[PDB]
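What follows is one structure encoded as structure tokens, with my remarks underneath.
All chains are named by letter (A, B, ...) in the order of the sequence lines, taking the proteins before the strands, and each is independently numbered beginning at 1. Because only heavy atoms are used, hydrogens play no part in the values below, and waters and symmetry mates are left out as well, while side chains stay in.
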Amino acid sequence: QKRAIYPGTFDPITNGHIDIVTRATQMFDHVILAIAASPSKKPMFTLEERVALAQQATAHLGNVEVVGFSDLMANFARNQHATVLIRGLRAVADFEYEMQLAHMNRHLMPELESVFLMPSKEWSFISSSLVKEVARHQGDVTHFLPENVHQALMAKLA
Amino acid sequence: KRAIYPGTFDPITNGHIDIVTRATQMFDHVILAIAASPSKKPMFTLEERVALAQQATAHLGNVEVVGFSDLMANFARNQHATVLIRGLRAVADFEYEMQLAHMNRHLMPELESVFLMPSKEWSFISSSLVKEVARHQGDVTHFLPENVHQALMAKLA
Amino acid sequence: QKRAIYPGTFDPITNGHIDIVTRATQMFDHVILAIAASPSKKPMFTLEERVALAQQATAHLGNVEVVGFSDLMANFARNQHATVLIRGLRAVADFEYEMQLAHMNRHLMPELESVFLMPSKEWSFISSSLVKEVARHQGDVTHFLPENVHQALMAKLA
Amino acid sequence: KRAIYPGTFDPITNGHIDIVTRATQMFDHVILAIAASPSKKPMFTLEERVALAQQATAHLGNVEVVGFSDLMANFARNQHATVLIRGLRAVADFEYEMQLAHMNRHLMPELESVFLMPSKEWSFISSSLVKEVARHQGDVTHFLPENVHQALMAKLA
Amino acid sequence: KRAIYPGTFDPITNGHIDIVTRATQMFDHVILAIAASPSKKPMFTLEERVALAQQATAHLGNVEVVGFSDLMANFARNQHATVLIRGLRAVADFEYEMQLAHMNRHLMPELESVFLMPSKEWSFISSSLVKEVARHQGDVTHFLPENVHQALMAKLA
Amino acid sequence: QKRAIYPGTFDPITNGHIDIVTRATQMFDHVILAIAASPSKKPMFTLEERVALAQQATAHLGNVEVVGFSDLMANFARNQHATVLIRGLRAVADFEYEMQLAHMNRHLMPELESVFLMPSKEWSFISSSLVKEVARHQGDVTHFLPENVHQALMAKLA
Ligand SMILES: CC(C)(COP(=O)(O)OP(=O)(O)OC[C@H]1O[C@@H](n2cnc3c(N)ncnc32)[C@H](O)[C@@H]1OP(=O)(O)O)[C@@H](O)C(=O)NCCC(=O)NCCS
Ligand SMILES: CC(C)(COP(=O)(O)OP(=O)(O)OC[C@H]1O[C@@H](n2cnc3c(N)ncnc32)[C@H](O)[C@@H]1OP(=O)(O)O)[C@@H](O)C(=O)NCCC(=O)NCCS
Ligand SMILES: CC(C)(COP(=O)(O)OP(=O)(O)OC[C@H]1O[C@@H](n2cnc3c(N)ncnc32)[C@H](O)[C@@H]1OP(=O)(O)O)[C@@H](O)C(=O)NCCC(=O)NCCS
Ligand SMILES: CC(C)(COP(=O)(O)O)[C@@H](O)C(=O)NCCC(=O)NCCS
Ligand SMILES: CC(C)(COP(=O)(O)O)[C@@H](O)C(=O)NCCC(=O)NCCS
Ligand SMILES: CC(C)(COP(=O)(O)O)[C@@H](O)C(=O)NCCC(=O)NCCS
């Protein structure tokens with residue numbers, strides 16, 4: 001019954017994202033891991049690559065459905081009949097930004113309830129942004145990524 | 001799916017009602033659990049707070065109000081809850097919530113903390129603020145359930 | 001006597017800005033709503049459009065004067081003989097950024113006193129930035145904008 | 001244009017003087033209002049705090065020091081104030097200020113809260129910090145008006 | 001190079017051990033200084049806290065545990081320390097630390113405050129949190145040195 | 001014995017940076033003021049200029065060594081045998097960002113200990129970013145810069 005959506009750019013998907021989506025699947029019947037098709041800034045990985053990586057990294061998770069979407073997240077959520085909006089809150093999260101976002105999304109689709117989940121301490125201080133930047137500059141980020149993502153990232157930067 | 005929404009609720013305000021209502025639309029059963037919290041010298045006794053919360057949530061079918069004095073995590077496990085509801089206001093209280101969340105996770109890893117956001121209308125209120133205003137005879141009718149406002153007025157009369 | 005300046009990019013002006021400038025006109029004799037001519041990033045609306053929209057949205061406000069300015073805000077403030085600097089503080093404001101800004105502006109023009117006003121709860125969680133982005137991506141933002149701004153925004157995005 | 005600058009001022013520090021001075025350059029009349037705040041067990045009695053503040057602001061012509069024990073908003077309305085002055089330090093206290101501001105706005109919508117920023121010199125001080133240092137005989141001369149420093153030394157002698 | 005790591009340490013936790021260990025790898029000698037802090041009504045007496053800290057840091061060769069009741073800055077000067085160690089958790093406590101740091105700098109400008117960051121494992125714990133959990137018989141073995149856990153259990157038995 | 005590294009873009013070096021590096025030299029034997037060679041966004045001053053300005057501004061400081069570096073800071077730190085990483089924490093610092101950074105750097109090089117120092121109240125509210133922007137827009141920033149930097153900045157903007 002309960003359909004939740006966990007949207008983001010997932011460029012690329014990290015262990016932190018896997019942590020959050022796993023917790024979400026434990027409390028909700030169906031979870032749609034929604035990948036933004038055209039983010040403001042050109043992503044490192046194409047939508048096709050991001051969807052493929054996300055699908056493989058969540059293949060073990062039954063009620064998780066990876067899908068790409070363009071335009072407004074809220075519009076996609078409504079057409080997908082989602083009533084729960086999953087947001088991951090790391091310890092280094094811009095909380096005020098999350099409040100802005102949740103209130104705008106509530107204005108757009110009040111039937112979509114924002115719920116914030118907390119990752120393990122292990123992934124509470126890292127972001128996809130930092131991971132990409134360290135990787136681009138010759139730093140080891142293997143620890144923060146699913147094996148399939150790690151391999152794809154090495155190919156991408158080579 | 002059973003969730004527990006713990007707190008001091010001294011007293012339960014419209015903000016708490018907002019959060020628990022959102023919780024009921026998301027989970028099958030919601031246990032509003034009131035901690036004795038003797039160290040906080042609550043204005044209302046646990047018995048009074050439970051009664052107030054019960055009446056204030058009488059219209060919510062899947063809400064159960066209970067009081068407890070033990071470790072919240074043990075009470076949660078004993079109530080068969082797997083979701084722990086917390087409300088996050090327009091304040092940077094987020095820091096304290098993470099400490100509590102991680103401690104509870106250490107005590108009961110299967111109890112998943114979930115944070116809900118209240119409406120803009122109740123984003124700046126707290127039981128403490130309402131009590132302070134009422135102690136100085138200010139009008140707090142707007143922030144409390146009718147039965148709770150009556151109880152607060154009488155308590156300070 | 002008391003001349004205040006309420007500067008910004010106002011791209012476009014929103015109900016939150018109207019809320020703040022209205023509160024300012026209630027405590028100060030004359031309020032100059034100053035619109036930055038050339039913001040770092042290309043604005044959605046041209047200075048001409050932004051000034052026109054702001055003028056119409058504040059026409060009902062007597063002691064409000066809409067004016068465009070280039071270069072340093074402090075230099076404009078000084079030449080305009082303003083002694084009060086209005087800053088709106090939303091609940092989702094980057095407070096540390098506001099402190100940086102106020103201290104720099106104080107260094108530049110100590111005779112200009114920064115004063116922070118708080119908008120109603122209704123407009124405390126939205127920014128012009130979020131509004132534009134939601135609008136650009138097919139979301140309903142009518143609620144946050146004066147009617148004239150709403151009409152101009154639809155034309156702009158069409 | 002009458003403004004009210006409320007607070008516990010226990011004791012009034014150079015930081016408070018900085019804020020009230022900025023207020024006087026902006027508004028015609030400023031009422032520095034000291035709350036009894038019995039629940040905070042102030043170091044100085046309300047009478048002492050008023051006297052200290054009076055002397056400390058004697059040089060400021062448009063400042064009036066008064067004490068009060070009622071609801072701040074009612075006192076403000078009764079003082080004919082339409083501006084409520086609050087100081088914001090280099091701390092994220094901003095959150096608490098919004099709660100207070102919105103409650104006061106609910107109690108008296110025409111009382112407009114305005115936040116002023118102190119100089120860098122006083123951006124990290126508080127009455128609480130000064131008292132803690134003085135309780136351990138540390139030199140706090142730099143942070144307090146001459147009359148206040150004298151009173152604090154004598155109070156702890 | 002002598003550093004002082006002051007605190008209430010009521011009780012010293014694995015988080016404190018993490019911070020003091022990082023300090024010893026950076027400076028020649030580290031003085032773990034425990035403040036009497038009577039105003040905080042500590043669970044353990046200063047004597048008990050010193051003993052607990054001593055045992056908990058026995059393996060750290062360049063750490064010296066001492067208690068004090070005077071102004072921290074004077075104690076630091078009297079201990080010949082020129083570095084003041086403070087731990088910063090995953091919380092926005094940073095604000096309070098700046099106030100303390102600037103006051104101590106005013107009292108003793110040559111005492112340089114330095115902030116260290118604990119491991120992720122101890123980034124959300126505090127003495128207060130551990131005591132609260134233990135008061136409700138929750139398992140806090142994971143967060144405390146063996147000797148400290150024993151003392152806490154006995155203290156609450 | 002103790003070798004510390006104080007990395008940044010220093011574009012340009014300011015009195016706030018001088019404050020922090022001076023405090024660092026007082027507690028550590030040798031301090032390497034490391035200047036990032038190619039920051040994401042094109043710096044105002046070239047690496048050559050930034051190194052020259054930094055060297056002159058710290059010439060009076062004995063145990064300070066100004067050096068440029070490219071790629072990962074952690075990789076440079078390791079090859080330079082640094083065991084202490086100096087970070088300046090202003091009152092207007094994005095603390096959560098600093099935590100993200102310190103944990104990533106710890107992951108990369110655990111033997112490098114992050115230490116945060118606090119500048120004087122005088123430089124606690126200003127950033128290189130704000131200084132450059134005010135200067136670019138005709139504002140007086142002489143107060144925040146060493147004399148040599150001030151002169152170079154005027155030439156740069158002329
Ligand atoms: C689509 C969506 C779910 C994607 O989520 P996302 O990957 O987290 O995207 P974000 O842009 O927020 O990036 C995340 C991080 O970027 C940073 N960030 C992004 N915009 C920021 C801003 N304006 N200020 C500060 N930080 C910002 C933050 O650090 C943030 O993480 P945090 O809150 O935990 O600290 C989210 O953008 C959304 O719900 N957008 C609303 C409007 C919309 O529908 N998108 C446009 C349609 S194409
Ligand atoms: C001119 C001025 C009044 C315009 O105000 P403005 O529209 O609010 O412009 P800002 O760039 O601050 O944009 C506002 C929001 O952008 C964001 N922002 C801008 N720069 C940011 C930064 N460096 N870090 C984080 N957020 C930033 C913040 O979220 C901010 O809002 P908030 O503090 O409430 O959370 C202001 O820029 C100013 O006083 N500038 C000082 C220097 C100057 O004179 N301008 C240059 C002359 S051309
Ligand atoms: C190299 C390094 C030491 C330079 O330091 P730096 O000059 O301070 O660079 P930053 O990008 O952090 O710029 C500083 C300010 O920019 C702002 N900033 C930068 N990235 C930001 C982000 N993602 N979100 C918000 N603010 C950000 C912050 O305000 C910050 O200051 P603050 O924390 O006190 O408030 C630092 O970038 C580092 O340690 N990077 C890790 C990865 C690396 O090795 N660099 C890539 C190799 S080329
Ligand atoms: C009551 C509460 C949920 C805090 O909520 P509050 O801030 O709404 O009063 C918390 O103090 C609690 O869980 N108390 C029970 C005792 C306990 O288990 N404490 C450890 C919590 S980690
Ligand atoms: C005194 C003060 C302004 C707080 O200021 P303080 O932090 O400087 O002590 C506030 O506690 C107050 O207004 N007290 C009077 C009683 C009251 O009306 N309280 C409700 C405030 S919303
Ligand atoms: C003990 C401590 C370092 C605070 O640490 P804590 O938060 O770990 O208890 C501080 O309260 C202190 O320095 N106490 C001694 C008395 C004193 O000098 N106070 C003024 C500090 S500026």
Side-chain angles (χ1 to χ4, degrees), chain A residues 74 95-114, chain B residues 13-15 17-19 22 87-91 116-126 129 141-143, chain C residues 6 8 10 12-27 33 53-54 57-58 60-61 64 86-95 116-135 139-150 153, chain D residues 84 94-95 97-115:
Chain A
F95 184 61
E96 298 312 336
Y97 169 75
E98 291 295 332
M99 300 301 93
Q100 253 195 74
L101 206 62
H103 275 112
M104 173 56 79
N105 283 319
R106 182 173 289 168
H107 161 74
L108 298 167
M109 183 178 167
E111 63 262 44
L112 182 66
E113 197 62 44
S114 280
Chain B
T13 73
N14 279 174
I17 298 299
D18 169 299
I19 298 295
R22 288 169 198 284
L88 292 188
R89 285 169 293 176
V91 297
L116 300 185
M117 186 182 72
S119 66
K120 297 188 294 298
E121 190 74 12
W122 313 126
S123 291
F124 305 89
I125 193 75
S126 70
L129 222 192
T141 296
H142 177 64
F143 312 100
Chain C
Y6 175 37
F10 305 92
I13 184 170
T14 72
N15 286 342
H17 297 131
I18 294 302
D19 170 297
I20 295 297
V21 75
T22 296
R23 291 168 192 288
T25 62
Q26 286 166 169
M27 60 175 63
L33 191 160
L53 298 177
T58 57
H60 63 296
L61 297 177
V64 167
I86 305 294
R87 290 298 292 173
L89 282 189
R90 307 191 310 289
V92 300
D94 180 346
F95 184 61
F116 299 89
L117 287 55
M118 284 179 31
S120 68
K121 298 187 296 297
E122 191 72 10
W123 318 119
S124 192
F125 306 81
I126 46 70
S127 63
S128 314
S129 177
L130 226 192
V131 172
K132 284 187 295 184
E133 204 250 287
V134 168
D140 180 14
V141 296
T142 305
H143 178 67
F144 311 103
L145 310 168
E147 174 58 30
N148 71 300
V149 176
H150 175 228
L153 180 57
Chain D
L84 164 53
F94 174 55
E95 304 289 58
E97 298 291 346
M98 290 192 280
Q99 290 185 178
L100 247 61
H102 278 111
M103 176 57 84
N104 285 314
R105 179 172 292 167
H106 173 74
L107 297 161
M108 185 179 166
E110 67 260 48
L111 182 60
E112 199 61 57
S113 276
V114 294
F115 298 93

With rounding to the nearest 0.5 angstrom, report the [atom1] to [atom2] distance, [X] to [Y].
| X | Y | atom1 | atom2 | value |
| --- | --- | --- | --- | --- |
| C/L130 | C/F144 | CG | CZ | 8.5 Å |
| A/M104 | C/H143 | CE | NE2 | 9.5 Å |
| C/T14 | C/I126 | OG1 | CD1 | 5.0 Å |
| C/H150 | C/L145 | NE2 | CG | 7.5 Å |
| C/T58 | C/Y6 | OG1 | OH | 11.5 Å |

Looking at every heavy atom in both C/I13 and C/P146, which two are closest together, and how far apart are they?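 Shortest heavy-atom separation between C/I13 and C/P146 comes out as O-CD, 3.7 Å.
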If you take all heavy atoms of C/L61 and C/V21, which pair is closest and at what distance?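 Closest heavy-atom pair between C/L61 and C/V21: CD1-CG1, 3.8 Å.
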Check against side-chain contact (heavy atoms from CB on, under 4.5 Å), B/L88 and A/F95: CA-CA 10 Å; B/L88 292 188; A/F95 184 61; 3.7 Å; yes
The single option from C/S127, C/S124, C/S129 passing side-chain hydrogen bond (donor to acceptor under 3.5 Å, both in side chains) against A/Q100: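 When C/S127, C/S124, C/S129 are each tested with A/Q100, the side-chain hydrogen bond (donor to acceptor under 3.5 Å, both in side chains) holds only for C/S127.
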Check: A/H107 side chain, A/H103 main-chain N or O, donor-acceptor pair, under 3.5 Å: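 No, the answer is negative, given that no donor and acceptor are paired below the 3.5 Å cut-off.
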Would you find a donor on one side and an acceptor on the other, under 3.5 Å apart, between the side chain of A/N105 and the backbone of A/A74?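 Pair absent, no side-chain N/O of A/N105 close to backbone of A/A74.
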Would you please name every residue forming a salt bridge (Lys or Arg N to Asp or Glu O under 4.0 Å) with C/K121, sequence neighbours left out?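 Counting only residues at least two positions away or on another chain, C/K121 forms no salt bridge (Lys or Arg N to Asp or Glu O under 4.0 Å).
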Just jot down the side chain to side chain contact (heavy atoms under 4.5 Å, CB included) partners of B/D18, sequence neighbours excluded, or say none.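 Expected list: B/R22, B/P118, B/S119, B/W122.
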Apply the test side-chain contact (heavy atoms from CB on, under 4.5 Å) to residues C/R90 and A/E96: give CA-CA distance (whole Å), side-chain angles for both, the deciding distance (0.1 Å), then the verdict. CA-CA 10 Å; C/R90 307 191 310 289; A/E96 298 312 336; over 6 Å; no
